[PDB]
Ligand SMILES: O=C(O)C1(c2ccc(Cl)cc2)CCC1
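Presented below, as structure tokens, is a lone chain in the form solved without the named molecule.
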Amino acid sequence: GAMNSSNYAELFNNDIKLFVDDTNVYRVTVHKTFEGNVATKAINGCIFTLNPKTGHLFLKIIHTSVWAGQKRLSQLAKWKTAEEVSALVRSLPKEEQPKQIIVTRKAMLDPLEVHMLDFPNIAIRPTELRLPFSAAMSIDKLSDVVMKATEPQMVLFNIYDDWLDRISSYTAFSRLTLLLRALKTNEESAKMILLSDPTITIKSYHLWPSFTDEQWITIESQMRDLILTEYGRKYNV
């Protein structure tokens, strides 16, 4: 059934699973035409497919060429997402295929179910959680590879850097969600915090700064304040 507050720890057991987020697959800019009408221009997007136990991120770049000549693009985007996820599963050896795929939006359920009819043993699940994966394009290196792509491409990341060397997957997932919740609520502040230290470095092979344990506490604390804060500035509390 649905993934929610009450079965949260299942993500970190030893059953392979993936989250699929489709919020950044079909991205547009809205602009005015010479005649004073409105039109859209597509820009490159990505599918965010994440193993929450390992932090492996299969970032499928959706190049704007895939929309050429197509109608009903918001609907196609969900099927295109489902098609790329089921291609990914088919490319993996059986023992690496997920036992569950959890979609962050319910509108992906039918598209993925249909593309996965060949895999009746993979449970396709929604969730009641308001996960902040849409903010993945606020991570500079992710945003950069998506915008630079000139063709369809799959890029692999570990969204946890080397954190699992020191913390558990439960705690790494929780840091990830805080960072992204922060980025979603106030990207400028969020980034000011992370890059607040002129002496700190993000490794070439990483997405986030190389914080010490103690520095992560400070950072995580500052990201909590931000999320509470913007909650005031937005609600006047």
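In case it trips you up, residue 1 is the first one in the sequence shown, and so on.
Beyond what is shown, the protein has a form solved in complex with the named molecule; the following relates to that form.
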Worksheet item: Is the site here open or blocked once the named molecule, taken in the deposited bound form, is overlaid via the site C-alphas (blocked: 3+ ligand atoms within 2.4 Å of backbone or C-beta atoms)?
Response: blocked
Worksheet entry | 4.5 angstroms heavy atom contact with the named molecule in the deposited bound form for residue 109 | no
Worksheet item: Would residue 102 count as touching the named molecule in the deposited bound form under a 4.5 Å heavy atom rule?
Response: yes
Discussion item. Residue 129 versus the named molecule, in the deposited bound form: is there a non-hydrogen atom within 4.5 Å?
Written reply: yes
Discussion item. Heavy atom within 4.5 Å of the named molecule in the deposited bound form: which residues of 11-30 meet that condition, in order?
Written reply: 11, 17, 19
